[PDB]
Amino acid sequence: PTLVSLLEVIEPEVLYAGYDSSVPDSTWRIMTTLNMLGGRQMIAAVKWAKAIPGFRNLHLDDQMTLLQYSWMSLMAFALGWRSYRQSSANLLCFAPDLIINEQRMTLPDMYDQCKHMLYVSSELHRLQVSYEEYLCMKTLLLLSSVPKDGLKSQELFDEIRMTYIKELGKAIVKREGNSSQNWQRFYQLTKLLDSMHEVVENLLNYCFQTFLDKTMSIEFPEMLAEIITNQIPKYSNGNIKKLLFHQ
């Protein structure tokens, strides 16, 4: 069984928001539902990561570390792919029963957060990212940031990350282009991976503020509250090394 096929079989199932369309929309209502849905996506993301070959071989602390750093990167990227495949328009397919379209995009403060997610689906559509390239890239996003002083199993992590970088290269070569076109595609896809750090920084700026300001009454489920509570001090103590392919 090929490595990319083992990443394919563990793709998480499509979760529904449980959004009542008979009651009118509001930003608060949509954001609350999406946060609750996001908690369920993150619980599925742990099950997913545990089945990634090599992930379980890292120290338990490194497994926790990587999921906590990469959570929004994984979600933005999985959402971008889902949106790119299902609509080809300025649409965010958070769930089959909860699609963020142009009308929903005009709701107060909806766009300022949704635009970062739209950038992701826009870039996958612009670069015509394949399913195999996407699977390699998403596993690489889990391995995109480490602590300032590295991981407990740093040597093994560097070996696993190199393996998945080689996997991305194999998915690119399958597009049957020449040596020059292949090198250009590698450059383009790793440039998009690099840009995910900025996409996430913008998402987290708004997300952290919303979580901390209790007067907004925006609820987060236990899974997300726990990740945000862990991550906020790490960012303020500069405890994050963001791995980049380019300078």
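The first residue of the shown sequence is 1; numbering continues from there.
Averaged over CA atoms, B-factors in the entry run higher in 107-115 than in the other of 73-81 and 107-115. Taking the mean C-alpha B-factor of each stretch as recorded, 87-95 and 123-131 are not equal, and the higher mean is that of 87-95. Between the residues 9, 23, 17, 14, it is 23 that shows the highest Cα B-factor in the PDB record. Of the candidates 210, 65, 184, 32, the one whose C-alpha carries the top B factor in the deposited record is 184.
Annotation for residue 192: C-alpha temperature factor in the highest third relative to the rest of the modelled chain, per the entry. Sorting the modelled residues of the chain by their CA temperature factor places residue 165 in the middle third.
In the deposited entry, the Cα temperature factor of residue 137 places it in the lowest third of its chain's modelled residues.
In this PDB entry, the Cα temperature factor of residue 171 sits in the top third of its chain's modelled residues, the highest group. When the modelled residues of the chain are ordered by C-alpha B-factor, residue 180 sits in the highest third.
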